[PDB]
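*Asks:* For reference, the structure I am asking about is given below.
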Amino acid sequence: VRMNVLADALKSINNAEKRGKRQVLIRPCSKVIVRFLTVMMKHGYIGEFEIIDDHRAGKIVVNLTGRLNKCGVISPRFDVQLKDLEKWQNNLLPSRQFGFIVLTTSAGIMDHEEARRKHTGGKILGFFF
Amino acid sequence: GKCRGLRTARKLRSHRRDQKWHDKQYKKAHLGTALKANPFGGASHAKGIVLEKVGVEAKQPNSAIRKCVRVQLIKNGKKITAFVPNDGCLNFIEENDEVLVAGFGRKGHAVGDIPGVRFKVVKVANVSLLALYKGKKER
Amino acid sequence: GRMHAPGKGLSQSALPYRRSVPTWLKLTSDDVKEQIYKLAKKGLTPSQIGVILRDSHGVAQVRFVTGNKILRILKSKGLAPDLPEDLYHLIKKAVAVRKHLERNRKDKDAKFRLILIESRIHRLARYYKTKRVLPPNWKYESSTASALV
RNA sequence: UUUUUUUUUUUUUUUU
RNA sequence: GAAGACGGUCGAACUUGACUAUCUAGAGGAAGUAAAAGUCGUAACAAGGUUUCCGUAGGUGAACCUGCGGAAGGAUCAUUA
RNA sequence: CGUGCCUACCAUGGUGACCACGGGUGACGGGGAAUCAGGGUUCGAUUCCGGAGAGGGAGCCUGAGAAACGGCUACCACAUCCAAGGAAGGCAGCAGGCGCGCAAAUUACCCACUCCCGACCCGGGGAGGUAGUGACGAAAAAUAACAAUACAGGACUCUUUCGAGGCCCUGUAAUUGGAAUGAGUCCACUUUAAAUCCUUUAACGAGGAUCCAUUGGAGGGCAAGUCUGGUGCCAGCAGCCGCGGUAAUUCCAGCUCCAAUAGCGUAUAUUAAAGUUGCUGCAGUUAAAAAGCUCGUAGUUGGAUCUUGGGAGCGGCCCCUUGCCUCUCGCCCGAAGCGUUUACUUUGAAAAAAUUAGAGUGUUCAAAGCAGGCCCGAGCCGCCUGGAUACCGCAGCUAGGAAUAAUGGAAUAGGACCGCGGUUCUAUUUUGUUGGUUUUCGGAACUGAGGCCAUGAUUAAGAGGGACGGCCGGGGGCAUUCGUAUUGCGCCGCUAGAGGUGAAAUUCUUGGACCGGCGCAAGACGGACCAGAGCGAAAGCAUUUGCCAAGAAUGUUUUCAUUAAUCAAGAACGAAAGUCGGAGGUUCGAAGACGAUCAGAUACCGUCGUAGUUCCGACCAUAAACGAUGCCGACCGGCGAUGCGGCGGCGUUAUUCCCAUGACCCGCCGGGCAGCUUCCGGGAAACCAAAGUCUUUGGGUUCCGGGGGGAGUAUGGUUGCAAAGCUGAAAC
RNA sequence: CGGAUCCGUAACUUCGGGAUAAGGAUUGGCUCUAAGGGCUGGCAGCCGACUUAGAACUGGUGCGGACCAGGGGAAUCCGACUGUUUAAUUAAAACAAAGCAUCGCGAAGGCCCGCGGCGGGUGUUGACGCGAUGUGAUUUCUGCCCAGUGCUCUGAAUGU
Ligand SMILES: [Mg+2]
Ligand SMILES: [Mg+2]
Ligand SMILES: [Mg+2]
Ligand SMILES: [Mg+2]
Ligand SMILES: [Mg+2]
Ligand SMILES: [Mg+2]
Ligand SMILES: [Mg+2]
Ligand SMILES: [Mg+2]
Ligand SMILES: [Mg+2]
Ligand SMILES: [Mg+2]
Ligand SMILES: [Mg+2]
Ligand SMILES: [Mg+2]
Ligand SMILES: [Mg+2]
Ligand SMILES: [Mg+2]
Ligand SMILES: [Mg+2]
Ligand SMILES: [Mg+2]
Ligand SMILES: [Mg+2]
Ligand SMILES: [Mg+2]
Ligand SMILES: [Mg+2]
Ligand SMILES: [Mg+2]
Ligand SMILES: [Mg+2]
Ligand SMILES: [Mg+2]
Ligand SMILES: [Mg+2]
Ligand SMILES: [Mg+2]
Ligand SMILES: [Mg+2]
Ligand SMILES: [Mg+2]
Ligand SMILES: [Mg+2]
Ligand SMILES: [Mg+2]
Ligand SMILES: [Mg+2]
Ligand SMILES: [Mg+2]
Ligand SMILES: [Mg+2]
Ligand SMILES: [Mg+2]
Ligand SMILES: [Mg+2]
Ligand SMILES: [Mg+2]
Ligand SMILES: [Mg+2]
Ligand SMILES: [Mg+2]
Ligand SMILES: [Mg+2]
Ligand SMILES: [Mg+2]
Ligand SMILES: [Mg+2]
Ligand SMILES: [Mg+2]
Ligand SMILES: [Mg+2]
Ligand SMILES: [Mg+2]
Ligand SMILES: [Mg+2]
Ligand SMILES: [Mg+2]
């Protein structure tokens, strides 16, 4: 039924970007989703956001810039050992000028660019550009 | 509606191993009846003995009579009509000669103008019809 | 989405955001627990006891006024059902549907609904054997149903 | 209300 | 300390029987393919001249016909007070 | 030696849908090879590692080491010599022969290199190495050029030039030189065990008879002939499309061209092309494809939640959470408790070469090889440097990292930690020394009594289950009642037609049909109200009434607290028809019968009429079982409806007179069946608010399709009483 | 061949059988060994049944030692089978038989006996009964003819 709620969040983000609306409602909340949007915010692709704290499970409302072509989730959360990123680079990123990958390292939810410097690797959550 | 979990490699391998059989090339590659049903035994060429000289019909948009040789095989023992290529070479083939034969373009199918002959004569008495055609040696 | 139905409606209840009881109902934990013992001696389902305290005594969600869930209030002094309610109602209707098939041994619809009800029983029984509230060799064929009505 | 059949192949494509 | 012998164990082989695998003869029967040029009709495509089709039974030279229940891939996206 | 390795006794076990057991392999296993985005797919007979066997198969002596076979014993199958009394045989070692084939080299030379064995510096080695065959394959590479003079087929800088040509391309069967140099012909060195080959060098060695490049092709794909002569759907070409029947851009020849070049065509296995096997990365409304529907185990996936901002210091460390303890051992560290436990990463070892990547290095280049490079006029009785590094799936080891994803704990307290009692048990030091008696003590355990912890249970998923309560529905079963009509019968009146058709006839008819009137009986069926309305998992369900259980939606500050979704095996329902019993038999009606129509009808039309249609029991499990759209979940436009709940609305209306539910009207919420519109976005389109959120391709999961035919056929197994159903191929 | 023990048993089929199918081995005498129980006492002591399994020795390969005692397979036709029959020539494929059909009859009746009576029988019975035939398990089937010949229903319908 309800599984991998990161996908449920990011397909709503995708439909709202393709439609052209301003702000999205997402009924589940995860620390995964919050740190994912933190990476997207720090790299500037979204705007400011706000978490309605339900006692049960909150709801995230995100102001949208309008730059987001495509965000999404790789489904089974594959492992990625280092010196195996370049497969995912050529397979997922639209170019060698932009695009980002969200790894899950032991030292936090990191970025494709911070991961190669921190020299960790780990599991893939998703991608956005 | 695929399957994409991390622990589903058995289901994927077993379903792909089942669904690989319905391809015709794979099933005649790795099912035994294609090898043990046809002549040549899966080889390129075979020798044989001329049994008789047979003219056969052609198809309907192009009508002619093609010239072929019925062959007892040395190796297997099956009888084969084999097409004799050029203008002459029916004169160059006599009765009961050692004849080397091969296929045409794909072994499961004949050529378009010819109904049921799948085989092409290369040599007669260890001399090619190419040499017999453009002035080379003799029978 | 319901299990054994296409009907995916929404008929639920929604607890408010606000925690423990607002201003009125000067009714501490002791009086509430004494009420719930006097009701459980009369032997009502805890599902019913929540409704009784909601409608008569004006008690809200009892987790707020007492701090503790009502079946834990029940078990800690041991007025237990010893056969939990969520299995008990399914067995109670399964007995009646078996009897109805017996005196009407042609009712294919009731036969099918009996199969669905027994499926729900086996699901909840595997849950209770996992969570160890029940003995692991507990079974359900006919005679346990006819006894523990 | 009727009322069926009628050889066989003949038919290729441009520069600005 | 030789030849030989009772008994044991290993077990070559030979016969017989069973099981299984691969081909392989067969009077006749029944099928498909070739295949275009033959005889008998004209089932289908247009309401194909009885709308078509799907199941399940029965019959008939032949395609086919009919019974009962469905579908529209139907020839009806509509029939009022 | 350890062991069911074997014996005896005893127990009744072990494996499997996470594929056991059994068949097949044209299967020896790896290191590897081919194939180029990435991921893979196909081989690995074969030079290195390891295993096995010497015709099959069995046994055995010697020896540290064998079930040895260039050792032995017997049998089987071959086969040699026989004076017929007996002997010896084992090339899947090296050459060589027969057979088999589509398919494969000389009965050569040498221990000189490499190493190996023996008593041993010396013997021996078909192990090896050298030569001969060798178009398996690879590397480098002339094949007659080359600059010329002249004629220009004439382009080009540009001047009225009708050319200056200090540039040019090319045909010159035109001449001239370099007569460049090579292949072959041979002296001599070297090479080598002996020669050979390569290099070096001497003497010859080119003017189109030269010292001669072929293989395919010229319609499209596909670069290149609408050139010529023959040929007349004949011959033949063509991998497919196709050409050829008197003008052939395609056959056969010649000429001219085109492509690769000392290598081209062909056949076949196989890889890419093939996103036409799809994990990245395919389809499933109509083309092939979503099972009839539902439950259901194994499998697969599984909501959220439990460690944070900072500080010091520039320009990585500590905490306000950031490794706890013990200081027994040599304020702190060494050391030690030392892990709930893995999955995941980053280390680090570890491993075998050869291959691949790749560093260096002028093998004349290159494929290679692992070498080489300097000064020195021989004189230095010499120096420098290399023979790298990477990669090595998976599994195992080691230490950091705790996010992601599972697991741990304390709920009947049989918790956590500190400090006591009391029971009970032993260890070694010391009473100068030996021994005994009694301890302190050190450790385990047992037991009881407390105090102490903020003393212990994440909240309730627009997940789910269940209770609840007001209605709801052609939902299901059992029973009951009603209604015409049909058919037949009984009477009653009238009277010659009545049915039935495209038109008629079969048939009933003065023995009174049809028609009217009354009444009775039987069985089937529930019209009109009935709709793009409801309900059911579907197949389906329509007269009233009662009984029996069951269910959706709605309302809920109700309960439980992850019980969830999809599901191979397995299972319950499943229309019509069909089959087996029992009851009856109105209408219809397969089969069958006739009458007509037609050339023929056995067909449509009409008359009669069998089984079945009905009910009760059992079976069969199929359909265009259709929305030709698996199931769950979320998001993405609007509009008016309609059905069912719930809520709001001094609007209207019926009671009697508040009061409620009644009946409309207005509006909102939930989810259901639907519809109009649209450039939401899609698709091949028709079309779809899903068939969308897809080259920007990944929410979870089951079933499936791989050109059409053969064919849902054969053949096996299994179910069925039978009809048949389920599973299901190949030749061609 | 034949008893017994231990192995192993096909095709077909109504799934019950076939089946002691087919085919093998073993079997003696004498020594043991192991197992299989009862009654007593506050786990131990006394007292007994005839069976099974295994081992060694050994006899001139001999072992159900006499007696006792299934030849087997492959097929075809017919009849389902068990049953019964021509005593004194037949044992069957005939006969019956269950099953399947068919017909008469609601008691003043059917079908019969009887020389006779409302005398008997079925009947101390009543359509799931009695009476009269055809066929002969199951499985699958039951076609076409009312002309002949029967049988039956109908009406003084109208000829005799
Ligand atoms: Mg072909
Ligand atoms: Mg389900
Ligand atoms: Mg005709
Ligand atoms: Mg027609
Ligand atoms: Mg028609
Ligand atoms: Mg049809
Ligand atoms: Mg033993
Ligand atoms: Mg082999
Ligand atoms: Mg490659
Ligand atoms: Mg690769
Ligand atoms: Mg080897
Ligand atoms: Mg060996
Ligand atoms: Mg040897
Ligand atoms: Mg040898
Ligand atoms: Mg050619
Ligand atoms: Mg030509
Ligand atoms: Mg071209
Ligand atoms: Mg060709
Ligand atoms: Mg496809
Ligand atoms: Mg179609
Ligand atoms: Mg289709
Ligand atoms: Mg499961
Ligand atoms: Mg989770
Ligand atoms: Mg009447
Ligand atoms: Mg039915
Ligand atoms: Mg029938
Ligand atoms: Mg019967
Ligand atoms: Mg009967
Ligand atoms: Mg009729
Ligand atoms: Mg089907
Ligand atoms: Mg489905
Ligand atoms: Mg389905
Ligand atoms: Mg309403
Ligand atoms: Mg009401
Ligand atoms: Mg027999
Ligand atoms: Mg007998
Ligand atoms: Mg016969
Ligand atoms: Mg008999
Ligand atoms: Mg008698
Ligand atoms: Mg007799
Ligand atoms: Mg009588
Ligand atoms: Mg019979
Ligand atoms: Mg008859
Ligand atoms: Mg008559």
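Order determines the names: the first chain of the structure tokens is A, the second B, and so forth; residues in each chain are numbered 1 upward, and ligands are numbered 1 upward as they are shown.
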So that I can check the surroundings of residue B:101, please list as a list in words every protein, DNA and RNA residue that reaches within 8 Å of it, counting only C-alpha atoms (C1' of nucleotides) and ignoring chain neighbours fewer than 6 positions away.

*Replies:*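 What passes the distance filter is residues 45, 46, 47, 48, 82, 119, 120, 121, 122 and 123 of chain B.
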
*Asks:* Can you list, as JSON, numbers by chain, every protein, DNA or RNA residue that comes within 12 Å of residue B:29 when you count only C-alpha atoms (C1' of nucleotides), leaving out same-chain residues fewer than 3 positions away?

*Replies:* {"B": [20, 21, 22, 23, 24, 25, 26, 32, 33, 34, 35, 36, 42], "F": [26, 42, 269, 270]}

*Asks:* Print the selection's residues with C-alpha atoms (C1' of nucleotides) to a file, as a PDB file, in the first residue's frame.

*Replies:*
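What landed in part-v6.pdb:
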```pdb
ATOM      1  CA  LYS B  20      13.820 -17.262 -23.361  1.00  0.00           C
ATOM      2  CA  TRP B  21      12.456 -20.458 -24.937  1.00  0.00           C
ATOM      3  CA  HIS B  22       9.785 -18.815 -27.056  1.00  0.00           C
ATOM      4  CA  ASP B  23      12.347 -17.160 -29.319  1.00  0.00           C
ATOM      5  CA  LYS B  24      12.703 -19.299 -32.436  1.00  0.00           C
ATOM      6  CA  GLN B  25      16.455 -18.801 -32.834  1.00  0.00           C
ATOM      7  CA  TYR B  26      17.190 -19.792 -29.239  1.00  0.00           C
ATOM      8  CA  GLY B  32      18.047 -31.003 -30.046  1.00  0.00           C
ATOM      9  CA  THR B  33      15.527 -31.616 -32.811  1.00  0.00           C
ATOM     10  CA  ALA B  34      16.997 -28.926 -35.066  1.00  0.00           C
ATOM     11  CA  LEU B  35      20.394 -30.603 -34.937  1.00  0.00           C
ATOM     12  CA  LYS B  36      19.246 -34.214 -35.219  1.00  0.00           C
ATOM     13  CA  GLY B  42      25.246 -29.068 -38.338  1.00  0.00           C
TER      14      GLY B  42
ATOM     15  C1'   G F  26      27.670 -32.267 -29.739  1.00  0.00           C
ATOM     16  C1'   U F  42      28.552 -16.876 -26.811  1.00  0.00           C
ATOM     17  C1'   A F 269      28.619 -21.959 -35.752  1.00  0.00           C
ATOM     18  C1'   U F 270      28.351 -17.409 -33.091  1.00  0.00           C
TER      19        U F 270
END
```

*Asks:* What do you get as a list in words if you pick all residues at most 9 Å from ligand 26, counting only C-alpha atoms (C1' of nucleotides) and all ligand atoms?

*Replies:* residues 57 and 58 of chain E; 578, 579, 611 and 723 of chain F

*Asks:* What are the closest atom pairs, with distances in Å to one decimal, for all residues of chain F lying within 10 Å of ligand 11? Consider only C-alpha atoms (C1' of nucleotides) and all ligand atoms, order rows by chain and residue number, and present the result as CSV.

*Replies:*
```
residue,atom,partner,partner_atom_place_in_ligand_line,distance
F:46,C1',ligand 11,1 (Mg),9.6
F:47,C1',ligand 11,1 (Mg),9.3
F:48,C1',ligand 11,1 (Mg),8.5
F:49,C1',ligand 11,1 (Mg),8.3
F:50,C1',ligand 11,1 (Mg),7.8
F:51,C1',ligand 11,1 (Mg),8.9
```

*Asks:* Counting only C-alpha atoms (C1' of nucleotides) and all ligand atoms, which protein, DNA or RNA residues come within 10 Å of ligand 20, given as a list in words?

*Replies:*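 After applying the 10 Å limit, what remains is residues 73 of chain E; 286, 287 and 628 of chain F.
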
*Asks:* Tell me, as a VMD selection string, which residues lie within 12 Å of residue E:34, counting only C-alpha atoms (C1' of nucleotides); anything in the same chain fewer than 4 positions away does not count.

*Replies:* (chain B and resid 57 to 59 115 to 116) or (chain F and resid 732)

*Asks:* Restricting the output to N, CA, C and O atoms (P, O5', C5', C4', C3', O3' and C1' of nucleotides), write the selected residues as a PDB file, in the first residue's frame.

*Replies:*
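out-v3.pdb was written with the following content:
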```pdb
ATOM      1  N   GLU B  57      10.102 -27.531 -60.763  1.00  0.00           N
ATOM      2  CA  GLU B  57       9.364 -26.343 -61.173  1.00  0.00           C
ATOM      3  C   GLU B  57       9.897 -25.114 -60.452  1.00  0.00           C
ATOM      4  O   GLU B  57      10.726 -25.229 -59.545  1.00  0.00           O
ATOM      5  N   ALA B  58       9.438 -23.943 -60.873  1.00  0.00           N
ATOM      6  CA  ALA B  58       9.633 -22.752 -60.067  1.00  0.00           C
ATOM      7  C   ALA B  58       8.288 -22.228 -59.573  1.00  0.00           C
ATOM      8  O   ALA B  58       7.240 -22.845 -59.773  1.00  0.00           O
ATOM      9  N   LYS B  59       8.326 -21.067 -58.922  1.00  0.00           N
ATOM     10  CA  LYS B  59       7.119 -20.476 -58.364  1.00  0.00           C
ATOM     11  C   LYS B  59       6.266 -19.821 -59.448  1.00  0.00           C
ATOM     12  O   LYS B  59       6.547 -19.904 -60.644  1.00  0.00           O
ATOM     13  N   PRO B 115      11.209 -24.064 -54.983  1.00  0.00           N
ATOM     14  CA  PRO B 115      10.261 -24.567 -53.973  1.00  0.00           C
ATOM     15  C   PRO B 115      10.861 -25.238 -52.745  1.00  0.00           C
ATOM     16  O   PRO B 115      10.600 -24.800 -51.621  1.00  0.00           O
ATOM     17  N   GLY B 116      11.651 -26.292 -52.926  1.00  0.00           N
ATOM     18  CA  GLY B 116      12.059 -27.079 -51.777  1.00  0.00           C
ATOM     19  C   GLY B 116      13.487 -27.576 -51.786  1.00  0.00           C
ATOM     20  O   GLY B 116      13.827 -28.503 -51.048  1.00  0.00           O
TER      21      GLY B 116
ATOM     22  P     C F 732      12.696 -29.745 -41.107  1.00  0.00           P
ATOM     23  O5'   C F 732      11.518 -29.347 -42.102  1.00  0.00           O
ATOM     24  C5'   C F 732      11.127 -30.214 -43.155  1.00  0.00           C
ATOM     25  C4'   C F 732       9.696 -29.971 -43.559  1.00  0.00           C
ATOM     26  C3'   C F 732       9.426 -28.655 -44.265  1.00  0.00           C
ATOM     27  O3'   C F 732       9.683 -28.750 -45.655  1.00  0.00           O
ATOM     28  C1'   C F 732       7.816 -29.003 -42.554  1.00  0.00           C
TER      29        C F 732
END
```

*Asks:* Step one, run DSSP on the backbone; step two, keep only residues of stretch 26-106 of chain C assigned to helix (DSSP H, G or I); then write them as a VMD selection string.

*Replies:* chain C and resid 29 to 42 46 to 55 62 to 65 70 to 77 85 to 103

*Asks:* Excluding residue G:58 and residues on its chain fewer than 4 positions from it, collect all residues at most 12 Å away from it, counting only C-alpha atoms (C1' of nucleotides), and give them as a list in words.

*Replies:*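 The filter keeps residues 28, 29, 30, 31 and 62 of chain G.
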
*Asks:* Need the shell around stretch 73-78 of chain A: protein/DNA/RNA residues with any atom at most 8 Å away, counting only C-alpha atoms (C1' of nucleotides). Skip same-chain ones fewer than 2 positions apart. Format as a PyMOL selection string?

*Replies:* (chain A and resi 6-7+10+71+80+123-127) or (chain B and resi 4-6) or (chain F and resi 698-699)

*Asks:* Write a file of the just-selected residues containing C-alpha atoms (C1' of nucleotides), as a PDB file, in the first residue's frame.

*Replies:*
```pdb
ATOM      1  CA  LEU A   6       9.885   9.500  -0.855  1.00  0.00           C
ATOM      2  CA  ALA A   7       8.456   8.442  -4.228  1.00  0.00           C
ATOM      3  CA  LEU A  10       8.582  13.440  -5.408  1.00  0.00           C
ATOM      4  CA  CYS A  71      13.060  14.864  -9.673  1.00  0.00           C
ATOM      5  CA  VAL A  80      26.894   2.153  -4.834  1.00  0.00           C
ATOM      6  CA  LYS A 123      23.054   3.892  -1.077  1.00  0.00           C
ATOM      7  CA  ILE A 124      21.167   5.916  -3.694  1.00  0.00           C
ATOM      8  CA  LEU A 125      17.942   7.614  -2.682  1.00  0.00           C
ATOM      9  CA  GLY A 126      17.184   9.511  -5.867  1.00  0.00           C
ATOM     10  CA  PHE A 127      18.149  12.152  -8.374  1.00  0.00           C
TER      11      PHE A 127
ATOM     12  CA  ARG B   4      12.058  -4.546  -8.647  1.00  0.00           C
ATOM     13  CA  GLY B   5      12.851  -5.560  -5.063  1.00  0.00           C
ATOM     14  CA  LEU B   6      16.390  -6.257  -3.915  1.00  0.00           C
TER      15      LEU B   6
ATOM     16  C1'   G F 698      12.616   2.891 -11.489  1.00  0.00           C
ATOM     17  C1'   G F 699       5.911   3.287  -5.964  1.00  0.00           C
TER      18        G F 699
END
```

*Asks:* What lies within 10 Å of stretch 5-16 of chain D using only C-alpha atoms (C1' of nucleotides), ignoring chain neighbours under 6 positions off, as a PyMOL selection string?

*Replies:* (chain B and resi 60-62) or (chain E and resi 36-37+41-42) or (chain F and resi 219+233+245)

*Asks:* Compile the residues of chain A that lie within 8 Å of chain F, evaluated using only C-alpha atoms (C1' of nucleotides), and express the compilation as an NGL selection string.

*Replies:* :A and (1-5 or 7-8 or 11-12 or 14-16 or 19 or 28-30 or 55-57 or 69-70 or 73-76 or 79 or 81 or 87 or 91 or 94 or 104-109 or 119-123)

*Asks:* Could I get the residue neighbourhood of ligand 24 at 10 Å, counting only C-alpha atoms (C1' of nucleotides) and all ligand atoms, as a PDB file with N, CA and C atoms (P, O5', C5', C4', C3', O3' and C1' of nucleotides), in the first residue's frame?

*Replies:*
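Contents of pocket00.pdb, as written:
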```pdb
ATOM      1  P     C F 514     -61.437 -23.883 -31.673  1.00  0.00           P
ATOM      2  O5'   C F 514     -61.367 -22.446 -32.355  1.00  0.00           O
ATOM      3  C5'   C F 514     -60.163 -21.974 -32.938  1.00  0.00           C
ATOM      4  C4'   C F 514     -60.426 -20.852 -33.908  1.00  0.00           C
ATOM      5  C3'   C F 514     -61.010 -19.581 -33.317  1.00  0.00           C
ATOM      6  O3'   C F 514     -60.034 -18.739 -32.733  1.00  0.00           O
ATOM      7  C1'   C F 514     -62.228 -20.179 -35.244  1.00  0.00           C
ATOM      8  P     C F 515     -60.359 -17.924 -31.388  1.00  0.00           P
ATOM      9  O5'   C F 515     -61.822 -17.331 -31.611  1.00  0.00           O
ATOM     10  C5'   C F 515     -62.001 -16.079 -32.254  1.00  0.00           C
ATOM     11  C4'   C F 515     -63.455 -15.752 -32.477  1.00  0.00           C
ATOM     12  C3'   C F 515     -64.234 -15.297 -31.263  1.00  0.00           C
ATOM     13  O3'   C F 515     -63.999 -13.936 -30.973  1.00  0.00           O
ATOM     14  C1'   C F 515     -65.531 -16.815 -32.546  1.00  0.00           C
ATOM     15  P     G F 516     -63.090 -13.516 -29.724  1.00  0.00           P
ATOM     16  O5'   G F 516     -64.093 -12.716 -28.792  1.00  0.00           O
ATOM     17  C5'   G F 516     -64.720 -13.362 -27.703  1.00  0.00           C
ATOM     18  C4'   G F 516     -66.218 -13.264 -27.784  1.00  0.00           C
ATOM     19  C3'   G F 516     -66.946 -13.623 -26.507  1.00  0.00           C
ATOM     20  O3'   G F 516     -66.986 -12.542 -25.601  1.00  0.00           O
ATOM     21  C1'   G F 516     -67.936 -14.773 -28.303  1.00  0.00           C
ATOM     22  P     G F 517     -66.130 -12.593 -24.248  1.00  0.00           P
ATOM     23  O5'   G F 517     -67.141 -13.229 -23.206  1.00  0.00           O
ATOM     24  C5'   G F 517     -68.481 -12.778 -23.162  1.00  0.00           C
ATOM     25  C4'   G F 517     -69.332 -13.699 -22.340  1.00  0.00           C
ATOM     26  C3'   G F 517     -68.595 -14.486 -21.279  1.00  0.00           C
ATOM     27  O3'   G F 517     -68.314 -13.726 -20.122  1.00  0.00           O
ATOM     28  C1'   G F 517     -70.040 -15.922 -22.448  1.00  0.00           C
TER      29        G F 517
END
```

*Asks:* 12 Å from ligand 40 is the threshold here; counting only C-alpha atoms (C1' of nucleotides) and all ligand atoms, which polymer residues fall inside it? Answer as a ChimeraX atom specification.

*Replies:* /G:85-92

*Asks:* Please check which protein, DNA or RNA residues sit within 9 Å of ligand 7, counting only C-alpha atoms (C1' of nucleotides) and all ligand atoms, and write them as a list in words.

*Replies:* residues 4, 6, 7 and 8 of chain F

*Asks:* Hey, which residues sit close to ligand 34? Say within 12 Å, counting only C-alpha atoms (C1' of nucleotides) and all ligand atoms, and write them as a list in words.

*Replies:* residues 470, 471, 472, 645, 660, 661 and 662 of chain F

*Asks:* Could you go through stretch 73-132 of chain B and tell me which residues DSSP, when run on the backbone, assigns to strand (DSSP E or B), listing them as an MDAnalysis selection string?

*Replies:* chainID B and resid 73 79:83 98:103 119:124 127:128

*Asks:* Could you work out which residues of chain F fall inside 6 Å of chain B? Count only C-alpha atoms (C1' of nucleotides), and format the result as number ranges by chain.

*Replies:* F: 102, 233, 239, 267-268

*Asks:* Kindly indicate which residue among C:117, C:40, C:145, C:97 lies nearest to chain F, using only C-alpha atoms (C1' of nucleotides) for the distances.

*Replies:* C:97

*Asks:* Would you please work out which residue, of C:73, C:95, C:124, C:27, is nearest to chain F when using only C-alpha atoms (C1' of nucleotides)?

*Replies:*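 Result for the nearest residue to chain F: C:124.
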